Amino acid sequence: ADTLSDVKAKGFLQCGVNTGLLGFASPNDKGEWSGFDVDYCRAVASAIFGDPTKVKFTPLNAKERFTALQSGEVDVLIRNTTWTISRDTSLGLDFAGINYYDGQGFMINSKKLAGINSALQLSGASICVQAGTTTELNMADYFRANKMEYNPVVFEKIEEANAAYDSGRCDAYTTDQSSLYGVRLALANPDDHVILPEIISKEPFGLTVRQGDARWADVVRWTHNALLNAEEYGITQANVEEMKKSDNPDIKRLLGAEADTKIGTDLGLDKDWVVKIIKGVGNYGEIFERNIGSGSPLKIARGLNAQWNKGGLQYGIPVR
């Protein structure tokens, strides 16, 4: 398998993304896509083509997402998809990096459910969840462990889950916490909804590729680690051109300005592949802020997804 060569030859990247989740991957009226995971797709396209528009988006629901990657319909799956051992071992898939560390939570309507302030008060609740998710299984674990009753209402379409929760048919919504922010913004009265404090699982969102093509996994992995290194070194969409002439050898090396460097070409890309990425989408923090952080209606704090040296878990492996 040589996915990179195939991608170069067709001139665009085919990406599996969400059907519609605000902040992460959502289309406008014209079918134009934006979001955190979308920008990660555009980052890979930027690394390869120097053009973040060279992407074709395939929206996938929770049940069809893995099949679409296995069959080669999409080249990469970037779609709030949790890295787990069973997905790593039993599906013929690998993970090239974690672009967002999350965890599972519960959301309620505070006007309808007065006095509920903890997930441990939800015994008896009807709770909507989607089939084909970690979410369904973790909820079962949590309620069993805490000796609570519950009525799972299982959906195949996110639109149906959203509707059943918003109508009051379901008392609570469960999914990844960052997704609850996005779901909330699509409801009738977003301000009425409270994400409860409990986080009941680890949900590291993975950059998902097929096994058996290390060169392709390398390209995806190092696009991610380039976004991280760029933010750590203060390299932005706005200054990256200027940063090519930096005195800092780390920065010079990252941006392909070093004498006889072979980093980009060993990866199968051009020497200035990181310049292309950062011009295309900015660094990791810029992607975060415009889509799900302070530059967005979601206002999610960096938290676990801060840089490693600022208290977070996001650690750019060295471009060395």
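A residue's number is simply how far along the shown sequence it sits, counting from 1.
If you average the C-alpha B-factors over 200-208 and over 182-190, the higher value belongs to 182-190. When the C-alpha B-factors of 144-152 and 102-110 are averaged, 144-152 comes out higher. Looking at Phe288, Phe66, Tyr40, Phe57, the one whose CA carries the top B-factor in the deposited record is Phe57.
In this structure the maximum Cα B-factor among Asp75, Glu231, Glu241, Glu136 is found at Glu241. Sorting the modelled residues of the chain by their CA temperature factor places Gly303 in the lowest third. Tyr165: CA B factor in the highest third of modelled residues in this chain (values from the PDB entry). For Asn283, the recorded CA temperature factor ranks within the lowest third of the chain's modelled residues. When the CA B factors of the chain's modelled residues are split into thirds, the value for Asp213 lands in the middle one. Among the modelled residues of its chain, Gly312 has a C-alpha B-factor that falls in the lowest third according to the deposited record.
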